[PDB]
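Order-wise, the sequence lines are chains D, Z, c and U.
Per the entry's author numbering, the very first residue in the first sequence carries number 39; after that it's consecutive.
Per the entry's author numbering, the very first residue in the second sequence carries number 5; after that it's consecutive.
So the third sequence is residues 24 to 78, 84 to 310, counted in the entry's author numbering.
Per the entry's author numbering, the very first residue in the fourth sequence carries number 478; after that it's consecutive.
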Amino acid sequence: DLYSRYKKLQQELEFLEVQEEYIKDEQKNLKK
Amino acid sequence: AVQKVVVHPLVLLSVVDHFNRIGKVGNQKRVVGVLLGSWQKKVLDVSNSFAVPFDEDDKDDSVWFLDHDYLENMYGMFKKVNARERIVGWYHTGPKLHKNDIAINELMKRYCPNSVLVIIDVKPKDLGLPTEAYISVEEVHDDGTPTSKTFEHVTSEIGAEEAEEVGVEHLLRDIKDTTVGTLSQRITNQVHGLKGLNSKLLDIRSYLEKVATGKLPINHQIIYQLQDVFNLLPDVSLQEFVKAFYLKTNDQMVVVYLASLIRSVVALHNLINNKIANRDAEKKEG
Amino acid sequence: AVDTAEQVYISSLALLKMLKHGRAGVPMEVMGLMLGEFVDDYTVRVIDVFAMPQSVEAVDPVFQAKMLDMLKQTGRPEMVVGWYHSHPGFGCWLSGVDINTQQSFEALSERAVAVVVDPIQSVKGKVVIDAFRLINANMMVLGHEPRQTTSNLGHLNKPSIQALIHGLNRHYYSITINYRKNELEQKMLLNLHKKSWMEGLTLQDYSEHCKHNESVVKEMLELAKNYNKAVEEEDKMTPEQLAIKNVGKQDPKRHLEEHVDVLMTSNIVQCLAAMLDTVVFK
Amino acid sequence: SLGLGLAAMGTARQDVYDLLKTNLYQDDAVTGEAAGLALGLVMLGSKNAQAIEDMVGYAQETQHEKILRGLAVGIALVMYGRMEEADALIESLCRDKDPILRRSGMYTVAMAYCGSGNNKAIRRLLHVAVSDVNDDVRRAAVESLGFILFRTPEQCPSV
Ligand SMILES: [Zn+2]
């Protein structure tokens, strides 16, 4: 688990960030 | 003088369709049709246009044909269907106008007081404003030209109308556009502007090196006129011009400063507004 | 022989020729011919549009044959596919005589298409375009379309009420329409609102510019005057009674952002262009 | 004709692909279903670059819609699970203005990234999900996620 903890948090980083950019996209499009 | 014209978006498409019509030849078939406009003012309005059969060989560009019969009948139909409309000039799809192009205007100056040409560009590689038009004059020169005759650049623009803006702009939904984009259209403006500057400079230097050496006419046409362009060239960094900037730039900086000042406080209101509602609804929720 | 999920291919000139004609003849039904090509049993394609004189009964077809002739010799020959007219401010529905020309036309060509247009209900964002297709009454019980695909059934829109009150399925069937765009017209249509470098390099003026800022700051002072009293005021009245007593003449917190935005966008570009004009020039 | 390639889908029958080509080059709508599907179906995983060039080279000049659709699926199926060379075609199809060929490329990135949990393609695929104008390539855009999420299937219902 502990090594898979450290891998799974990594996987929880970028897949979480793509949503961060994603809401930017959605908001800017919604303005239009 | 006419000094400018207002061309509607219908034309510039009613030409593209006809360039598409005889566009199967591919190699070269210059599209020529009739331009229709309004005797509006000194400024002139352009609304309608239509085509007419036209061909021309490769060598000795003096062999070209405009069906006067077709012109008479089809314009008779367009007058029967619209007396409000009327002939104003003509066009051709040439990317660069040809030496033959003066004989056409000189021919049909009998229909219009001056059948103004219209150059369109199906492939405006330049991202600037295409489809510019000229009107010929005589500029007999000290050289001894019996009739120094050449066209004249006249500024033009794109027409607009309530309905056509409706239908077109409903068609613009196929692509995204930021026309209300605050402080973005400006940045795009200076970008495309400087692009045009660089393009013009590269062109004029292409011509200038060619004429400078080897093979090009060295006429007194521009050679000193463009020198006078050098004549202006304001020497920006000098004594009092500094007082030109620092006595106003900080002025506008003051206004911007105040604007940021109130903007910060206005943004600060919502912090209290939502920090009240969050915890006050929480403590009452529990 | 059976219907399908048909598609109406258009020509970009066709739309403008529609709206300008109908708008010019706005107070009455304006009529015209729809000219195109029968691409297949499935879809249709219109490429050319033109109208005639009318004082709705069209006058002499001598205009017809000569028109199509001179359209053939210049450009090329084509095929008449349908027609159009206006329902100004109407329910864009085939009128009683409008259907009465339809047995006339479908008897001539099979896929004769009616085209309804209204330059009235069309806002600059979206146009109210329309077109229909007559259906027999002898097959009122028998099926008329095979419905071998969702596109013309559960994939398009929903019949409107003011035209469904006339046919909606009956005496005709609706049809889908799209827009085919040549890349040639597409590129130039992309760019028709830009200007030359002069516009992007203008410096408007600092006398009317500073005069303008001197203007907006003045009343903005008063907007702050009102804003002080309004914000501190706060009757404990619930967040919606404020929203019912604010209709009236109340407007703090709204103009305040506006004047700040405008004063920003002015001063910013006004400084920037002056910057570039000196960095770049000399 | 439509099931012809689905039957011979793993065998990669060049012989049936041959007559399927000339079936595809009839310039018609009735033969578009005849060749457009089985052509790539009998070349599933084949990566026949001449096949890609045939399909994309022919789906640029047509006039019908089925001849565009069968090619839209065949081009998306010709590349199978690469994730590393199909990128040029995914960009070539997504940058297009074709309301079907983008959606054709939108299906493509799904098959070139069969279940690919790569958070790279998720950026621009699920970005044209945002800025995309055509509803067709929009729905085809959002409908590539599960086709790219068997590595972590619990994430689809969160995005
Ligand atoms: Zn009617």
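We put the beta carbon where it would ideally sit given N, CA and C, even for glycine.
- When only Cα atoms are considered, Z/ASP71 and c/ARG104 end up about 15 Å apart.
- Approximately 15 Å separates the beta-carbon atoms of U/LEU514 and U/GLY487; this is outside 8 Å, ruling out the contact.
- Residue contact check for U/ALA506 against chain c: a CB pair falls below 8 Å.
- Proximity to c/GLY119 across c/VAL145, c/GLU29, c/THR293 and c/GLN131 peaks at c/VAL145, based on C-alpha coordinates.
- Between the stretch 501-519 of chain U and the stretch 535-552 of chain U there are three or more inter-stretch CB-CB distances shorter than 8 Å, so the stretches are counted as touching.
- Annotated three-state conformation of c/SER235 is helix, per DSSP.
- With a threshold of 8 Å between beta carbons, Z/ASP239 makes contact with chain c.
- In the displayed model, Z/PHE23 falls within a helix according to three-state DSSP.
- Interface flag for U/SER581 against chain Z is unset, since no Cβ pair is found closer than 8 Å.
- Beyond the five residues adjoining it in sequence on each side, U/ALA511 comes within less than 7 Å, by CB distance, of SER478 and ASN500 in the same chain, given in chain order.
- Among the residues of the stretch 188-212 of chain c, those with a Cβ less than 8 Å away from any Cβ of chain Z are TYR207, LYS209, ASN210 and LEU212, in the order of the chain.
- A residue is called buried when at least 16 other Cβ atoms come within 10 angstroms of its Cβ; c/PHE309 does not meet this threshold and is exposed.
- The continuous alpha helix (DSSP H) containing Z/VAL170 extends over residues 166-175.
- For c/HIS44, the Cβ stays outside the 7 Å cut-off from all heavy atoms of ligand 1.
- Classified as exposed, Z/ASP62 has fewer than 16 neighbouring CB atoms from the shown chains inside 10 Å of its CB.
- Neighbours of U/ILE599 in chain D, taken as residues whose beta carbon is under 7 Å from its own, are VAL56 in chain order.
- A contact between stretches requires three or more CB pairs, one per stretch, nearer than 8 Å, and the stretch 217-229 of chain Z fails this requirement with the stretch 244-257 of chain c.
- Beyond the five residues adjoining it in sequence on each side, U/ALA485 comes within less than 7 Å, by CB distance, of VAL493 and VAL519 in the same chain, given in chain order.
- Counting along the chain, the unbroken beta strand (DSSP E) around c/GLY110 starts and ends at 107-114.
- If you check the C-beta of c/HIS113 against ligand 1, you find a heavy atom less than 7 Å away.
- The criterion of a C-beta distance shorter than 8 Å is satisfied by Z/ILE91 and Z/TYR115.
- Distance from the CA of c/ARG282 to the CA of c/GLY276, rounded to the nearest whole angstrom, comes to 14 Å.
- D/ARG43 and U/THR629 have their C-alpha atoms some 15 Å from each other.
- DSSP, reduced to helix, strand and coil, places Z/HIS157 within a strand of the structure shown.
- As DSSP reads the structure, c/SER202 sits in a beta bridge with c/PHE160.
- Taking CB atoms only, D/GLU50 has no neighbour in chain U less than 8 Å away.
- When rounded, the separation of the alpha-carbon atoms in Z/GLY80 and Z/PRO150 is 38 Å.
- Bounds of the alpha helix (DSSP H) holding c/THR306 are 283-307.
- Note: c/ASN197 is not bridge-paired with any residue in the DSSP secondary-structure output.
- Per DSSP, the unbroken beta strand (DSSP E) holding c/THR66 starts and ends at 66-74.
- The Cβ of Z/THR253 sits closer than 8 Å to at least one Cβ of chain c.
- Judged by the Cβ position, c/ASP158 fails to qualify as a neighbour of ligand 1 at the 7 Å threshold, every heavy atom of the ligand being at least this far.
- The C-alpha of Z/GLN229 lies about 54 Å from the C-alpha of U/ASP564.
- For c/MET95, the enclosing alpha helix (DSSP H) stretches over residues 90-101.
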